[PDB]
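Chemist: The structure follows.
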Amino acid sequence: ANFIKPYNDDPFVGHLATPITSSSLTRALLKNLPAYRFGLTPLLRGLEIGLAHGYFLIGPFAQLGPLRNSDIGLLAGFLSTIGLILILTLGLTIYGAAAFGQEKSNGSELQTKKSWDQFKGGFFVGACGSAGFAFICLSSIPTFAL
Amino acid sequence: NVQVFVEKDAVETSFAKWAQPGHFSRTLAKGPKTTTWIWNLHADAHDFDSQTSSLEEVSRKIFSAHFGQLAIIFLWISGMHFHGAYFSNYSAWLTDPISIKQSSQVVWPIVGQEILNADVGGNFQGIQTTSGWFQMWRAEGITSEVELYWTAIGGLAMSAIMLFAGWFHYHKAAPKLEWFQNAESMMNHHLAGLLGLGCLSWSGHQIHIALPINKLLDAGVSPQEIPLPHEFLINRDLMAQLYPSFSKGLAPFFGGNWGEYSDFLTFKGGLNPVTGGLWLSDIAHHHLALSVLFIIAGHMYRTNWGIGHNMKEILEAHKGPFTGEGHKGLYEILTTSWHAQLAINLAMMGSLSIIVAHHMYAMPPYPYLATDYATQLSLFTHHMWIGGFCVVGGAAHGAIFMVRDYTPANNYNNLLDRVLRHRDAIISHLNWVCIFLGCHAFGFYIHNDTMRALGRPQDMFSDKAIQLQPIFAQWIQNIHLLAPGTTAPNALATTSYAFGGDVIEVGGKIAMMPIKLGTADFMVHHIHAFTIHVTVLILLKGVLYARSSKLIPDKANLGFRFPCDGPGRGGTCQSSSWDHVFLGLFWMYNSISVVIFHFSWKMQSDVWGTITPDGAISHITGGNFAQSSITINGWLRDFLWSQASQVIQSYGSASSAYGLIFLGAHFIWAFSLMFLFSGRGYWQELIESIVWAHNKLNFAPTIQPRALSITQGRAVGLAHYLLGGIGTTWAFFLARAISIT
Amino acid sequence: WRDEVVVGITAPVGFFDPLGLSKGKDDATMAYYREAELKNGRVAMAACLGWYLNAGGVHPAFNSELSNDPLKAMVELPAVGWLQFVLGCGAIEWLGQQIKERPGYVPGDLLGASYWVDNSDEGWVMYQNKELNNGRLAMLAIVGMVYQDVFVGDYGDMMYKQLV
Amino acid sequence: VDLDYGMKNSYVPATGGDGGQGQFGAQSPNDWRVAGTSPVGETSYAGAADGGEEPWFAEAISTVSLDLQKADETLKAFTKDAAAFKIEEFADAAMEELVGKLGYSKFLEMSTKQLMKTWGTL
Amino acid sequence: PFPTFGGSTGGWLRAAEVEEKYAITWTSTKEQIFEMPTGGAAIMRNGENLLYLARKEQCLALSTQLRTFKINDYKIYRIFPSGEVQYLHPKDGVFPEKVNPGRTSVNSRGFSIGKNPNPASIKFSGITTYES
Amino acid sequence: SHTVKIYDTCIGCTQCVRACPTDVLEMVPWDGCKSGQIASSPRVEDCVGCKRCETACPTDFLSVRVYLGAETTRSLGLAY
Ligand code: CLA
Ligand code: CLA
Ligand code: CLA
Ligand code: CLA
Ligand code: CLA
Ligand SMILES: CCCCCCCCCCCCCCCC(=O)OC[C@H](COP(=O)(O)OC[C@@H](O)CO)OC(=O)CCCCCCCCCCCCCCC
Ligand code: KC1
Ligand code: KC1
Ligand SMILES: CC1=C(C/C=C(\C)CCC[C@H](C)CCC[C@H](C)CCCC(C)C)C(=O)c2ccccc2C1=O
Ligand code: SF4
């Protein structure tokens, strides 16, 4: 009858509960993503996120980069992916420095300097390893023929 | 109860107020103290709802002003017919439409300007005109200048009648507001009467007059031997010679055997091979079927006889679980606000003009129009511009509605209320869509320019490289090409050859041929999508943030049109919805400019040209669109620089007016930037020094000179910008197309 | 469960369980039955639409090379496409199980419409009934169409083409 | 409840081109630069609301409210000097007569002679 | 005591939680529709109404609109994240446009605007001409 | 915060106070003019700098002057 209502039953907050923001699908997905999932160490959040991203990042470089038509095109795509991961890791590092300062963190929450450093390291490892795994997978594509 | 309510002798007829400039405005009525007054007088002249708080009076003023506009339009049409009757080579063009250039304007010999009277053929000198008058007149069956003279006389009579009707319905018999609020009856009459009877009567003219005259004219009969139009009415044997089913008469119509009329009511499709235009029998069948449809549509709404629909009921019923009260309140809005109606109607009329431009190029409706490349270009471009302006105006008047006629009490939890309640989501998502479209669509071109400059053609987005094929458009093109036998089995040919098929050749020139779509077409269509989305972003932001925003919470109290709310809050210049119209106008200019450039280059490169009897096709620009239009350098070199040759080399010929107008339009466009880039504080300070010089010689106006207002500075800058840019494209197109036609 | 459920009970037949396959089933079992009825119905509706499109010749993918016969196009599709289809549905199913664990979950309600509306509302029950009945019809229709394509050889319309 | 709580911010007024902290303070004493959203079970900043099973919208949960009693009490506290001035010019018990007879807001709104008129009644 | 409002995307943001928030209360004598400054229409309740807003200017725009309803008892507060409140408007119980005894003039300069000193006369002092 | 100054040419017309969108200004008693009141700006922390007060002021030259200075959240009119 009414699929839109104010978020948190608060008419004056700038948000609405719609199927996009508040469906069971959206809630289950978002609560299960490693950026939000209960119980993960910051390092493991970073690792899972890096694993997810580095795997797909190699594709654009491998298939569309300048050396795509050479026989070392996959290797160049992997190198480009590693360079992109380094750029992103620099972004994460300076972000953490700005957002949290340089004082010793008093807690283990992700939004703290020490936890963010752990998360950034996990992201770097996950992304680089995932790019390497995708390189291996793209080295031999199965046709799936018996 | 639908009734006519009129007040008699509403307003005296007198010249007193003609002597009291600004009488309509309480503030402006006191007379001028500064030159600003003068400008204000013109700005507020037709702003009727600010001149009075009575809706009935606004309605009466609008009705009479509409009659005035109709009188002006009739005067314009009558003038065109008179120039065809006395200053044209129409008679000569009738005998040989292919080699004689249409001309309906002649200039007097003075200061050497007579060079503009081109050697257009037919023992006639004048200006080559591109509005399509000769093609339309030939399609109507007009064969003599005397018929044109009579059409012009009738146009004058109708212009006078409209003017008297406007005076009568303002000063003598002014309808009451209850009369105007008759949406149901107005729709019934305008559908069944205006559109339905108009279509039926035009089909009557086409069946009885235009069809046999054009059949004779195509068959090679001289215009001076074709029977006069009334002979076809008084001689059923004359029609039976041409269309044999006329020997049966109206017996099949009332008997129901309508198939008998298949000889003059056809479904051929394609184009007439002799003329290069649509078959007149198809057009007559089209108008007859449309007349029937409109007459049916005009019985939908209830007026006085119990049966029919109430619009408010229909609107109130359409609501769902996502939309609260849905369409409730819309009927009250559209029967109490002239601005809401004007917003809708301008949006529709502009979109319709754009549609007209497309459909008239691809399915050329008049004989010998398709191979008159100058006329085709000018008609497409003109209707594109008209449509762009009208859609922007619809947006502007939507904003005016939001500021002035929107009431919160009448719009609780309806569609309008909920749109206002998620404006932030709407505008943020549209902003993102605009960035995505702009980055990708224009980055294609930038990538291509960089790759070509670096000597890396194989890395470009192109047909010969990384391809971006518009596969959906191609799929649709194939479907339309296959339609004539299968999904439209009674159609003998395709609706338009642009979708596929043979080349239609008239006088050795190509009328229409399939327009193939590749990577360059993909890129340009996404540029069009980008520009339209940005224009919509600006205008929709102007409508949705017209009343308020996080920056200025009380914008509605500042009005529709105000320069700013001061330099505070970081600066609030151009926060008004009028300023959103101002910026949207620039973006519409950008969009339409790109659309008409795409049309011009694509048609010259891939459609228009010559065709030898053997079959060899030679296009105007040699098919360079595919590889040249994929970079900005290719547009700058192969389109602008190359095709500007005619306009810049026109001095000393009949086209020299185009070179002059090209230059003058550049000048006015650059002149606009003074207004757009500056501010009135500087100019007022300069005027102080100039007023000093006048005072130093004992004279100065009591109407103190003032720099233009902020909003007038913007308006003037934009008006000169549009005039300059559009006029430049106008001169360029006309010189180019007159050369290539 | 029979005195609690209202969705799916509709005109002609009212409550329809002649075989008595619902008597003596616990609430979890009947929730499974409703979730299965809905999932089979939704899959069958999607299958019917896809089959009709393919049979009509509107299958423009792969340069429209695949056969108009859907059961032939099933085998002409490479293995990797089916692997993607199965794994993508599997991921969706995993998320659906996560949704199913949630309290107050209504069997078959992946969207979680219970956050906004319940069966005390007439129109929502009616629209749920429309979904359910069309699902039942589409389950029968997909089985029948598969029969007609396999044993009768014809993969198109055999009911309304004979009219026109 | 302290009245200068707003003024006790970290805004250090510049020596020129700066109106400083006026009647209530130039800015909030709370540092607005806080962390973004946080995983399930964690808080982004000190007083942040626990978004429960939806921490991504945690910032849409309100931890700042104005209950009517606090409103009345801060109304009285912030206008105590204006009421003191009005009794000083009209002239403890008299103020309690006036502010209960007609109201506190009305006592602020009236005039010293008008209150001299309403004090005529008892 | 919230008015009848279905919500919008125009309401307050994280700042209301971490920097400052505003509240306006008022008394209506009937249920009447009004325009939310954040976009859309809300229904006032018979009796006391309370509304939260991101900016003081929004509260004052709403109060200006309330004046057209003949409602003059509105009060405007600022609320900090700790829960401390500041009573903002009308500051002394009397509207600022109506002169009130007990107010002291702030920021007056006892001369016409044309008597401010010359900039070159206060160079390197750190002051401006309008503050000296 | 912006600076708002009142000069002694003020005639106590109360128009700047009514124009102010953020309640920066108020009328206070004063014996310098016929109306017996002068404008005051005790709450410049809430001044956005719109200059509506200056637009409303009838004297020549202005009696209320807004000089823009150090920007804050309040002076920038930010809802975020
Ligand atoms: C903006 C439009 C645009 C596009 C689409 C391209 C595309 C390309 N450029 Mg070009 N280029 C451009 C503008 C563009 N360029 C501009 C403005 C310049 C400067 C003048 C250049 C200068 C340039 C040079 C010098 C070169 C290129 C090259 C390339 C190619 C490789 C690039 C690459 O690997 O990136 C990697 C891409 C990514 C890492 C990510 C792409 C974005 C992802 C796919 C978006 C995914 C979003 C997802 C769908 C959202 C939802 C997902 C889900 C979670 C829900 C590629 C074809 C290279 C080439 O050799 O061309 C053949 C090359 O050497 N470009
Ligand atoms: C539809 C609009 C229209 C337009 C743009 C034109 C344009 C033209 N006509 Mg055509 N014409 C038209 C309709 C039009 N006509 C109609 C309806 C008729 C039938 C009457 C004609 C019959 C006609 C003839 C017979 C001729 C033209 C000619 C011309 C050309 C020269 C005009 C000229 O300079 O006269 C002279 C211009 C003036 C004297 C300017 C006077 C302007 C007045 C004083 C200002 C009016 C302002 C305001 C209304 C008055 C306020 C003050 C007042 C109350 C005192 C020019 C291209 C001539 C031509 O083509 O030569 C080859 C020519 O011979 N026209
Ligand atoms: C400033 C406004 C403006 C100007 C100066 C022009 C100028 C021109 N128009 Mg254009 N036109 C405009 C706006 C304008 N148009 C708009 C907004 C539309 C969209 C409706 C059109 C649609 C249009 C069509 C379909 C045609 C023209 C044609 C022409 C040319 C011949 C003039 C003529 O008398 O034909 C007279 C017009 C006809 C003989 C055909 C009219 C057929 C339409 C469908 C009639 C619609 C009338 C209907 C009652 C309007 C209500 C719409 C409804 C939804 C409510 C001339 C260049 C004609 C042309 O190019 O000839 C070579 C032509 O065929 N125009
Ligand atoms: C059906 C068409 C239509 C109608 C009836 C109206 C009616 C109105 N408009 Mg709207 N509008 C329209 C279309 C329309 N408009 C379109 C298409 C646009 C987009 C451009 C707009 C954008 C718009 C804005 C931004 C505003 C209006 C406003 C108005 C109102 C005041 C009109 C006035 O006093 O101007 C008097 C008329 C003039 C001063 C003439 C101006 C001349 C123009 C600028 C240049 C003409 C160039 C000429 C053709 C070429 C000369 C070349 C030569 C010199 C070489 C009036 C209600 C105003 C308003 O406040 O509404 C309440 C307002 O601010 N309109
Ligand atoms: C050619 C000059 C020019 C350019 C480049 C722009 C660009 C833009 N305008 Mg502006 N505009 C212009 C003229 C221009 N405008 C003029 C003259 C006016 C006065 C009328 C305006 C008034 C105006 C308004 C009212 C609005 C815009 C908006 C926009 C943005 C549209 C969204 C978009 O597509 O972003 C994409 C960016 C581009 C298309 C530019 C280049 C993209 C490159 C080629 C690809 C990506 C490169 C990438 C960033 C890598 C960079 C490498 C670098 C680090 C070295 C875009 C940034 C709108 C907006 O902001 O919407 C969201 C908007 O509402 N403009
Ligand atoms: C291809 C054309 C342009 C496509 C743009 C984006 C493609 C994405 C698909 C969107 C189409 C379906 C929209 C929802 C389906 C739809 O048609 O309406 C479905 C639904 C209608 O709800 P009800 O059944 O309550 O409707 C009762 C009606 O009577 C309305 O009163 O609308 C909504 O749920 C809210 C609509 C906003 C939904 C926003 C979605 C994103 C919109 C994108 C912007 C649109 C651009 C068009 C502007 C003219
Ligand atoms: C009541 C619901 C309904 C469904 C669900 C349905 C489905 C299909 N119809 Mg049928 N159909 C009607 C109704 C329905 N049709 C009606 C009222 C008429 C009279 C106008 C009618 C006539 C024809 C003709 C002449 C053909 C036809 C076909 C298909 C085929 C391709 C679908 C597509 O792609 O559009 C799918 C199975 C074609 C065919 O069988 O090709 C081998 C074909 O040639 N239909
Ligand atoms: C994660 C992002 C993503 C990418 C980047 C991607 C890409 C491609 N998909 Mg996939 N897709 C999903 C996601 C993605 N797909 C998901 C979640 C599902 C389950 C709902 C799914 C289902 C199918 C099916 C049924 C088919 C299919 C195909 C292709 C193929 C087409 C080019 C080609 O292979 O010629 C390209 C590479 C077709 C195919 O592979 O045909 C042999 C095919 O039939 N997909
Ligand atoms: C140039 C310019 C001016 C100065 C231009 C002015 C004042 C226009 C002058 C118009 C004239 C006076 C009217 C037309 C008269 C002819 C130019 C000369 C004829 C003189 C008499 C017959 C009246 C502004 O005032 C302005 C304001 C805001 C933004 C930009 C600008 C801007 O760019
Ligand atoms: S006066 Fe001019 S510069 Fe100043 S805020 Fe207004 S529009 Fe902007």
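Just so we're on the same page: first chain in the structure tokens is A, next is B, and so on; residues restart at 1 for each chain, and ligands are numbered from 1 in the order they show up.
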I want to know what sits within 7 Å of residue B:210, based on only C-alpha atoms, with residues of the same chain fewer than 4 positions away left out; could you give that as a PyMOL selection string?
Modeler: chain B and resi 139-141+205-206+214
Chemist: Keeping only C-alpha atoms, write the selected residues to a file as a PDB file, in the first residue's frame.
Modeler:
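Saved as result15.pdb:
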```pdb
ATOM      1  CA  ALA B 139       1.637  19.430 -54.018  1.00  0.00           C
ATOM      2  CA  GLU B 140      -1.582  21.393 -53.364  1.00  0.00           C
ATOM      3  CA  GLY B 141      -2.333  21.577 -57.095  1.00  0.00           C
ATOM      4  CA  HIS B 205      -8.974  18.702 -51.183  1.00  0.00           C
ATOM      5  CA  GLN B 206      -6.264  16.110 -51.810  1.00  0.00           C
ATOM      6  CA  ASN B 214      -0.278  15.974 -59.586  1.00  0.00           C
TER       7      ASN B 214
END
```
Chemist: Residues near stretch 37-50 of chain F, anyone? I mean within 6 Å using only C-alpha atoms, not counting same-chain ones fewer than 2 positions away, as a PyMOL selection string.
Modeler: (chain B and resi 565-569) or (chain D and resi 21-23+26) or (chain E and resi 105-106) or (chain F and resi 1+12+24-30+35+52+74-75)
Chemist: Env of stretch 297-313 of chain B: 8 Å cut, atoms = only C-alpha atoms, seq-sep filter 5 positions within chain, self excluded. Answer as a list in words.
Modeler: residues 1, 2, 184, 185, 187, 188, 189, 190, 191, 192, 193, 328, 330 and 331 of chain B
Chemist: Could you give me, as a list in words, every polymer residue with an atom at most 8 Å away from an atom of ligand 7, counting only C-alpha atoms and all ligand atoms?
Modeler: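 Within the 8 Å cut-off, the matching residues are residues 48, 49, 51, 52, 53, 54, 55, 56, 57, 58, 154, 155, 156, 157, 158, 159, 160, 161, 162, 163 and 164 of chain C.
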Chemist: What are the nearest atom pairs, with distances in Å to one decimal, for all residues of chain B that come at most 7 Å from ligand 6, using only C-alpha atoms and all ligand atoms, set out by chain and rising residue number as JSON lines?
Modeler:
```
{"residue": "B:318", "atom": "CA", "partner": "ligand 6", "partner_atom_place_in_ligand_line": "29 (O)", "distance": 4.2}
{"residue": "B:319", "atom": "CA", "partner": "ligand 6", "partner_atom_place_in_ligand_line": "29 (O)", "distance": 4.0}
{"residue": "B:320", "atom": "CA", "partner": "ligand 6", "partner_atom_place_in_ligand_line": "25 (O)", "distance": 3.1}
{"residue": "B:321", "atom": "CA", "partner": "ligand 6", "partner_atom_place_in_ligand_line": "25 (O)", "distance": 4.3}
{"residue": "B:322", "atom": "CA", "partner": "ligand 6", "partner_atom_place_in_ligand_line": "25 (O)", "distance": 3.5}
{"residue": "B:323", "atom": "CA", "partner": "ligand 6", "partner_atom_place_in_ligand_line": "25 (O)", "distance": 4.3}
{"residue": "B:326", "atom": "CA", "partner": "ligand 6", "partner_atom_place_in_ligand_line": "31 (O)", "distance": 3.9}
{"residue": "B:327", "atom": "CA", "partner": "ligand 6", "partner_atom_place_in_ligand_line": "31 (O)", "distance": 5.6}
{"residue": "B:415", "atom": "CA", "partner": "ligand 6", "partner_atom_place_in_ligand_line": "31 (O)", "distance": 6.4}
```
Chemist: Keeping only N, CA and C atoms, take the residues you just selected and write them out as a short mmCIF file (atom, residue, chain, number, x, y, z; two decimals), in the first residue's frame.
Modeler:
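So the final result, stored in result_27.cif, reads:
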```
data_model
loop_
_atom_site.label_atom_id
_atom_site.label_comp_id
_atom_site.auth_asym_id
_atom_site.auth_seq_id
_atom_site.Cartn_x
_atom_site.Cartn_y
_atom_site.Cartn_z
N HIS B 318 -5.80 6.96 -10.88
CA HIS B 318 -4.49 6.40 -11.21
C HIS B 318 -3.50 6.71 -10.08
N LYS B 319 -3.45 5.82 -9.10
CA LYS B 319 -2.49 5.92 -8.01
C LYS B 319 -2.11 4.51 -7.57
N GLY B 320 -0.86 4.35 -7.14
CA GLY B 320 -0.36 3.05 -6.78
C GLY B 320 0.35 3.02 -5.44
N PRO B 321 0.95 1.88 -5.11
CA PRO B 321 1.62 1.75 -3.81
C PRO B 321 2.94 2.50 -3.70
N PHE B 322 3.48 3.01 -4.81
CA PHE B 322 4.72 3.78 -4.78
C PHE B 322 4.49 5.29 -4.82
N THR B 323 3.25 5.75 -4.99
CA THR B 323 3.03 7.13 -5.39
C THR B 323 1.95 7.83 -4.57
N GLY B 326 -1.08 9.77 -5.92
CA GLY B 326 -0.97 9.73 -7.36
C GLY B 326 -1.35 11.03 -8.04
N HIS B 327 -2.27 10.96 -9.00
CA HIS B 327 -2.55 12.07 -9.89
C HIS B 327 -3.59 13.05 -9.35
N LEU B 415 1.72 13.28 -6.66
CA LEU B 415 2.96 13.03 -7.39
C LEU B 415 3.91 14.22 -7.32
#
```
Chemist: For stretch 7-23 of chain A, list every protein, DNA or RNA residue within 7 Å, evaluated using only C-alpha atoms, and leave out those in the same chain fewer than 3 positions away; present the list as a list in words.
Modeler: residues 3, 4, 26 and 27 of chain A; 111 and 112 of chain C; 60 and 61 of chain D; 5, 6, 7, 8, 9, 10, 11, 12, 13 and 52 of chain E
Chemist: Please identify every polymer residue within 6 Å of ligand 2, using only C-alpha atoms and all ligand atoms, and present the set as JSON, numbers by chain.
Modeler: {"B": [75, 76, 78, 79, 82, 106, 107, 108]}
Chemist: Restricted to N, CA, C and O atoms, what would the selected residues look like written as a compact mmCIF listing (two decimals), in the first residue's frame?
Modeler:
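Saved the output as out.txt:
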```
# COMPACT_ATOMS: atom_id res chain seq x y z
N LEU B 75 -1.21 37.19 -41.74
CA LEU B 75 -0.52 38.21 -42.52
C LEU B 75 0.76 37.66 -43.13
O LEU B 75 1.06 37.92 -44.30
N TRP B 76 1.51 36.89 -42.35
CA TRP B 76 2.76 36.31 -42.83
C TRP B 76 2.52 35.34 -43.99
O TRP B 76 3.20 35.40 -45.02
N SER B 78 -0.11 35.20 -45.99
CA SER B 78 -0.61 35.97 -47.12
C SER B 78 0.53 36.67 -47.85
O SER B 78 0.55 36.74 -49.08
N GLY B 79 1.49 37.21 -47.10
CA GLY B 79 2.65 37.82 -47.72
C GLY B 79 3.47 36.83 -48.52
O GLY B 79 3.94 37.14 -49.62
N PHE B 82 1.62 36.25 -51.72
CA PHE B 82 1.73 37.39 -52.61
C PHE B 82 3.10 37.48 -53.27
O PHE B 82 3.21 37.84 -54.45
N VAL B 106 12.93 39.34 -54.31
CA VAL B 106 13.66 40.21 -55.23
C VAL B 106 14.05 41.47 -54.47
O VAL B 106 13.28 41.98 -53.66
N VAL B 107 15.27 41.95 -54.73
CA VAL B 107 15.78 43.15 -54.08
C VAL B 107 15.85 44.29 -55.08
O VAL B 107 16.00 44.08 -56.29
N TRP B 108 15.70 45.51 -54.58
CA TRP B 108 15.78 46.70 -55.42
C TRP B 108 17.23 47.03 -55.75
O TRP B 108 18.13 46.76 -54.95
```
Chemist: Using backbone DSSP assignments, extract all strand (DSSP E or B) residues from chain F; output them as a list in words.
Modeler: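 Strand (DSSP E or B) members of chain F, listed: residues 3, 4, 5, 6, 7, 26, 27, 28, 29, 37, 38, 39, 40, 64, 65, 66 and 67 of chain F.
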Chemist: What residues have any atom no more than 8 Å from ligand 1 when counting only C-alpha atoms and all ligand atoms, and can you list them as a ChimeraX atom specification?
Modeler: /A:57-68,81,84 /B:439-451,458-461,466
Chemist: Neighbours of residue E:111 within 8 Å (only C-alpha atoms; same-chain residues fewer than 3 positions away dropped), as a PDB file with N, CA and C atoms, in the first residue's frame?
Modeler:
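Contents of part_26.pdb, as written:
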```
ATOM      1  N   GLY E 114      30.858  57.710   6.190  1.00  0.00           N
ATOM      2  CA  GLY E 114      31.940  58.366   5.492  1.00  0.00           C
ATOM      3  C   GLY E 114      33.118  58.801   6.334  1.00  0.00           C
ATOM      4  N   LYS E 115      33.119  58.529   7.640  1.00  0.00           N
ATOM      5  CA  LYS E 115      34.185  58.982   8.529  1.00  0.00           C
ATOM      6  C   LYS E 115      35.141  57.878   8.960  1.00  0.00           C
TER       7      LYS E 115
ATOM      8  N   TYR F   7      25.874  52.585  11.748  1.00  0.00           N
ATOM      9  CA  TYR F   7      26.351  53.954  11.857  1.00  0.00           C
ATOM     10  C   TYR F   7      25.217  54.854  12.339  1.00  0.00           C
ATOM     11  N   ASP F   8      25.587  56.017  12.872  1.00  0.00           N
ATOM     12  CA  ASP F   8      24.657  56.848  13.627  1.00  0.00           C
ATOM     13  C   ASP F   8      23.653  57.597  12.758  1.00  0.00           C
ATOM     14  N   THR F   9      23.695  57.405  11.446  1.00  0.00           N
ATOM     15  CA  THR F   9      22.671  57.907  10.543  1.00  0.00           C
ATOM     16  C   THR F   9      21.405  57.061  10.574  1.00  0.00           C
TER      17      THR F   9
END
```
Chemist: With only C-alpha atoms as the basis for distance, which of A:123, A:141, A:39, A:69 is at the shortest distance from chain B?
Modeler: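 Of A:123, A:141, A:39, A:69, the one nearest chain B is A:69, counting only C-alpha atoms.
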Chemist: Can you list, as a ChimeraX atom specification, every protein, DNA or RNA residue that comes within 7 Å of stretch 118-120 of chain A when you count only C-alpha atoms, leaving out same-chain residues fewer than 6 positions away?
Modeler: /A:42-43,45-46,89,92-93
Chemist: Within 7 Å of ligand 3, which residues show up when you count only C-alpha atoms and all ligand atoms? List them as a PyMOL selection string, please.
Modeler: chain B and resi 77+131-133+135-136+194-195+349-350+352-353+356+379+383+386-387
Chemist: Do you know which residues are within 10 Å of ligand 5 using only C-alpha atoms and all ligand atoms? Can you write them as a PyMOL selection string?
Modeler: chain B and resi 427-447+527+530-531+533-539+541+579-590+676+718
Chemist: Give me, as JSON lines, each residue of chain C that comes within 12 Å of chain B, together with its shortest interatomic pair and the distance in Å at one decimal, counting only C-alpha atoms, with rows ordered by chain and rising residue number.
Modeler:
```
{"residue": "C:57", "atom": "CA", "partner": "B:479", "partner_atom": "CA", "distance": 11.9}
{"residue": "C:58", "atom": "CA", "partner": "B:475", "partner_atom": "CA", "distance": 10.8}
{"residue": "C:59", "atom": "CA", "partner": "B:475", "partner_atom": "CA", "distance": 11.2}
{"residue": "C:60", "atom": "CA", "partner": "B:475", "partner_atom": "CA", "distance": 8.2}
{"residue": "C:61", "atom": "CA", "partner": "B:471", "partner_atom": "CA", "distance": 10.4}
{"residue": "C:62", "atom": "CA", "partner": "B:471", "partner_atom": "CA", "distance": 11.6}
{"residue": "C:63", "atom": "CA", "partner": "B:471", "partner_atom": "CA", "distance": 9.8}
{"residue": "C:64", "atom": "CA", "partner": "B:475", "partner_atom": "CA", "distance": 10.4}
{"residue": "C:113", "atom": "CA", "partner": "B:321", "partner_atom": "CA", "distance": 11.5}
{"residue": "C:116", "atom": "CA", "partner": "B:321", "partner_atom": "CA", "distance": 10.1}
{"residue": "C:117", "atom": "CA", "partner": "B:321", "partner_atom": "CA", "distance": 9.8}
{"residue": "C:121", "atom": "CA", "partner": "B:321", "partner_atom": "CA", "distance": 11.4}
{"residue": "C:123", "atom": "CA", "partner": "B:321", "partner_atom": "CA", "distance": 9.5}
{"residue": "C:124", "atom": "CA", "partner": "B:321", "partner_atom": "CA", "distance": 9.2}
{"residue": "C:127", "atom": "CA", "partner": "B:321", "partner_atom": "CA", "distance": 11.3}
```
Chemist: So which one's closest to ligand 10, B:366, B:635, B:179, B:562? Using only C-alpha atoms and all ligand atoms, please.
Modeler: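 Of B:366, B:635, B:179, B:562, the one nearest ligand 10, counting only C-alpha atoms and all ligand atoms, is B:562.
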Chemist: With only C-alpha atoms as the counted atoms, please give the residues lying no more than 12 Å from stretch 65-68 of chain D, apart from itself and same-chain residues fewer than 4 positions off, as an MDAnalysis selection string.
Modeler: (chainID A and resid 10 12) or (chainID D and resid 61 72:75) or (chainID E and resid 1:2 16:17 20:26 48:53 75:87)
Chemist: Compute the set of protein, DNA and RNA residues whose minimum atom distance to ligand 9 is at most 7 Å, using only C-alpha atoms and all ligand atoms, and state it as a ChimeraX atom specification.
Modeler: /B:674-676,678-680,683-684,706-710,712-714
Chemist: Find the residues near ligand 10. Use a cut-off of 6 Å, count only C-alpha atoms and all ligand atoms, and write them as a list in words.
Modeler: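 With only C-alpha atoms and all ligand atoms and a cut-off of 6 Å, ligand 10 is contacted by residues 563, 564, 566, 567, 571, 572 and 573 of chain B.
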Chemist: With a distance threshold of 12 Å and counting only C-alpha atoms, extract the residues of chain F near chain B and express them as a ChimeraX atom specification.
Modeler: /F:1-3,19-22,46-55,66-80
